Amino acid sequence: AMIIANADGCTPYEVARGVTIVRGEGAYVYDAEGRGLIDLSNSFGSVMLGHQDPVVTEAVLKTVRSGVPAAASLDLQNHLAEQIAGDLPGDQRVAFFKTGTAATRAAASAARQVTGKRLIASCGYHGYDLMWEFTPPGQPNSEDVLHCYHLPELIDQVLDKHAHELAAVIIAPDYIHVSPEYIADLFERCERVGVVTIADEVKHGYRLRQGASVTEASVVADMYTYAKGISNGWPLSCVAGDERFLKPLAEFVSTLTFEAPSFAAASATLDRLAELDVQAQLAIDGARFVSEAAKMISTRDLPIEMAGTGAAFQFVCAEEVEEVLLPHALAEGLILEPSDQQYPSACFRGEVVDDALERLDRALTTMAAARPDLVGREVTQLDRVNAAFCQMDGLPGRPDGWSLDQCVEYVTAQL
Ligand SMILES: Cc1ncc(COP(=O)(O)O)c(CN)c1O
Ligand SMILES: [Cl-]
Ligand SMILES: [Cl-]
Ligand SMILES: [Cl-]
């Protein structure tokens, strides 16, 4: 009777609200009529290996059938921490949580404890907690967090005004609409004035490479947060970082922080990502998908542009165009996430990619025939900016011809 209060919100599979998903296996989910759909949501990117991965499933099932209680499997817990710490440069300790929001709030709390300072600066989305609620540039939210929307000019403003008062800056990286060098510059500006940095890798950690995405962008951070990439859909997250920041998290423990099934899933997941060369293969397979998708769009003269590549790409279009693309893709058995990147898994390889392209080709054909008025429409700068803001929760640099004031006005109007 709408008794659940937080069902409406940022849940995946909104495009499929008119259908009923009952099964998942590999690259596919299946509806109640037995129809298979290629899944590019993958529980908002939490499923990096594929649904019902055989190795993850056997590890979980063995742990469930042992009945071993929480916090008794010390070797497994420490092994997982060693796996995570060993993929980061430096000497990290690891504190485990159950959601990405818990991990980012804990990292912020650790910075506050060490520095004795309160204010936090932020780029991107860090979770549902009120401390991560977006407010206009220069306006601290109810928990003393300032939002900079990935603009170096807005970072500079906060640093020029509060750098001596900042406990930390927390940046969720993204590379679809900006370069690795652009992201690195955001971190470096804060580093140069001595501000603690948190790389929020909840989305991209273990997706783009076997470790933190920022490492390949020539960035090091004081703490890193992970969740989606590490556990194939099981509820586990962490803060990994330098000892001086991880020591204040010693008592950040819940009754079920160490429930065994999720640790078994995560340790198996990290091993399988390495064994199957997942991120490097996705870079190849996703690049092929995005190139061929772009060609299909072009021959059909539809107002869509592909952005990104590999494991993180996006169908850039106006909202009213996306609202046609998504149902038409669903009708052809292809689940796309709206107003975001797509999230292919390790099973998005081989014949699955060709299957997805065939379904997209059919969807583009029906879309052009159902909505001939969209054929030949141009994609505008505003379309591109809107799509970036939806995807990365910030601006992809100051758009051409926009003043900083226009950027601030635009972001304010999105809230
Ligand atoms: C970049 C990033 N940071 C943190 C979070 C919050 O994590 P969670 O949804 O697991 O609470 C999310 C959403 N998963 C995210 O995309
Ligand atoms: Cl599959
Ligand atoms: Cl939690
Ligand atoms: Cl800029």
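What counts as what
Residues numbered from 1 in each chain as written, not as in the entry; some residues may be left out. Chains lettered and ligands numbered in written order. Heavy atoms only, no water. Near = heavy atom within 4 Å. Polar contact = N/O pair within 3.5 Å; in protein donor to acceptor, adjacent residues only side chain to side chain. Areas by Shrake-Rupley, 256 points an atom, 1.4 Å probe, with all protein chains shown as cover. Nonpolar A, V, L, I, M, F, W, Y, C, P; charged D, E, K, R; others polar. Core = buried A, V, L, I, M, F, W, Y, C linked by side-chain atoms within 4.5 Å. Buried < 20%, exposed > 50% of the residue type's maximum accessible area, 1.4 Å probe, protein only. Helix = DSSP H or I, 4+ residues; strand = E, 2+ residues; numbered from the N terminus. Domains from an automatic or database assignment. Contact = heavy atoms within 4.5 Å. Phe/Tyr/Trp six-rings, centres within 6.5 Å; stacked < 30°, edge-to-face > 60°. Expected span 1.5 Å × (residues − 1). Pairing = 2+ DSSP bridges. Axes fitted to C-alpha atoms, helices over the stretch in contact; angles between N-to-C directions. Salt bridge = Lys/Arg side-chain N within 4 Å of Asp/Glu carboxyl O. 1 Å grid on protein atoms, 1.4 Å probe; cavity = no way out; pocket = protein on both sides within 12 Å on 5 of 7 lines; lining within 4 Å. Points joined across faces, edges and corners; volume = space filled by probe spheres on them. Buried area = accessible area lost by both parts, 1.4 Å probe.

X-ray crystallography is the method the PDB entry lists for this structure, together with a resolution of 1.46 Å.

(A) Representation of the site of ligand 1 in the model. By nearness alone, every residue bordering ligand 1 is listed as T99, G100, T101, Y125, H126, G127, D200, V202, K203 and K228. Here an oxygen atom of ligand 1 sits 2.6 Å away from a polar atom, N or O, in the side chain of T101. Take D200: an N or O atom from its side chain is 2.8 Å from a nitrogen atom of ligand 1. Starting from 380 Å² of accessible surface for ligand 1 in isolation, the protein chains cover 79%. A per-class count over the shell around ligand 1 returns two nonpolar, five polar and three charged.

(B) Summary view of the nonpolar core. Grouped together as the largest cluster of nonpolar side chains are 107 residues, with contacts concentrated most on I84, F96, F289, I304, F315, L325 and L360. Sorting elements by how many residues they give to this core places helix 12 (residues 351-370) first, with nine residues. Three or more residues apiece are contributed to this core by two domains, here domain 1 (15-20 + 40-49 + 277-318 + 326-379) and domain 2 (54-275). Not counting chain neighbours up to four residues away, the residues in contact with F96 comprise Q77, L80, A81, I84, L236, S237, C238, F252, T257, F258 and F263. Membership of the second largest hydrophobic core comes to 22 residues, among which are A107, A111, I170 and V239.

(C) Structural context of the packing of aromatic side chains. Summed over all chains, the structure comprises twelve aromatic pairs. Note on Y149 and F389: the rings are 6.1 Å apart at their centroids and 25 degrees apart in plane angle, and the pair reads as stacked. A residue pair is termed long-range when its members are at least 10 positions apart, and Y149 in the loop between strand 6 (145-147) and helix 5 (152-162) and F389 in helix 13 (residues 381-392) qualify at 240 residues. Note on accessibility: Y149 and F389 belong to one class, buried. The rings of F134, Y149, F389, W402 and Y410 are connected pair by pair, giving a single aromatic cluster.

(D) Layout of helix 13. An ideal rise of 1.5 Å per residue puts 16 Å on twelve residues; helix 13 measures up with 16 Å between its terminal C-alpha atoms. Taken together, the buried positions of helix 13 are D383, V385, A387, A388, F389, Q391 and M392. Tucked inside the fold, the buried residues of helix 13 contact strand 12 (312-316) and helix 14 (404-414). Positive backbone phi, at 60 degrees, marks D393, one or two positions downstream of helix 13.

(E) Structural detail: the sheet that holds strand 13 (residues 334-335). Reading across from one edge, 1-2-3-13 is the order of the four strands in this open sheet, with mixed pairing throughout. Two strands bound the open sheet, and with one partner strand each, they are strand 1 (21-25) and strand 13. Strand contacts of helix 12: strand 2 (28-31), strand 3 (36-39) and strand 13, with the helix running at about 105 degrees to strand 3, the strand carrying the most contacts.

(F) Main features of the pattern of salt bridges. According to the stated counting rule, one finds 22 salt bridges in the structure shown. For the salt bridge of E14 with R17, the shortest nitrogen-to-oxygen distance reads 3.5 Å. Exposure remark for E14: the relative accessible area of 41% places this residue in the partly exposed category. Judged by relative accessible area, which is 64%, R17 ranks as exposed. For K295, the salt bridge goes to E292, with nearest N and O atoms at 3.3 Å. On the criterion of helical spacing, the pair formed by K295 and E292 is a turn pair, its members being three residues apart in helix 10 (residues 278-300). Residue classification places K295 among the partly exposed residues on the basis of a relative accessible area of 48%.

(G) Representation of the layout of surface pockets. In this structure, the second largest pocket spans a volume of roughly 350 Å³. The wall of the second largest pocket is formed by 19 residues, among which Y175, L208, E216, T309 and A312 lie closest to the centre. Every element with two or more residues in the lining of the second largest pocket is listed here: helix 7 (213-216), helix 10 and strand 11 (305-309). Counting residues per element, the lining of the second largest pocket draws most heavily on helix 10, at three residues. When the residues that make up the lining of the second largest pocket are grouped by side-chain class, the tally is nine nonpolar, six polar and four charged. Two domains each donate at least three residues to the lining of the second largest pocket, and these are domain 1 (15-20 + 40-49 + 277-318 + 326-379) and domain 2 (54-275).

(H) Structural context of the domain arrangement of the protein chain. Looking at the assigned domains, one finds that the protein chain contains domain 1 (15-20 + 40-49 + 277-318 + 326-379) and domain 2 (54-275). Its C-alpha centre places domain 1 at a distance of 29 Å from the equivalent point of domain 2. Across the contact, 18 residues belong to domain 1 and 19 residues belong to domain 2. Interface area, domain 1 with domain 2, both sides summed: about 1,500 Å², of which 56% is carbon and sulfur. Seen at the junction of domain 1 and domain 2, the total is zero salt bridges. The interface formed by domain 1 and domain 2 contains twelve residue pairs in polar contact.

(I) Representation of empty space enclosed by the protein in the model. The final tally for this structure, using the stated rule, is one cavity of 30 Å³ or more. Here the largest cavity defines a volume of roughly 30 Å³. Surrounding the largest cavity, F315, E322, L325, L326, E337, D340 and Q342 form its lining. With three residues, the single largest contributor to the lining of the largest cavity is helix 11 (residues 319-331). Taken together, the residues of the lining of the largest cavity break down into three nonpolar, one polar and three charged.

(J) Layout of helix 12. The end-to-end C-alpha distance of helix 12 is 28 Å, a good match for the 28 Å that 20 residues give at a rise of 1.5 Å each. Of the residues making up helix 12, those classed as buried are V352, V353, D355, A356, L357, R359, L360, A363, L364, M367 and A368.

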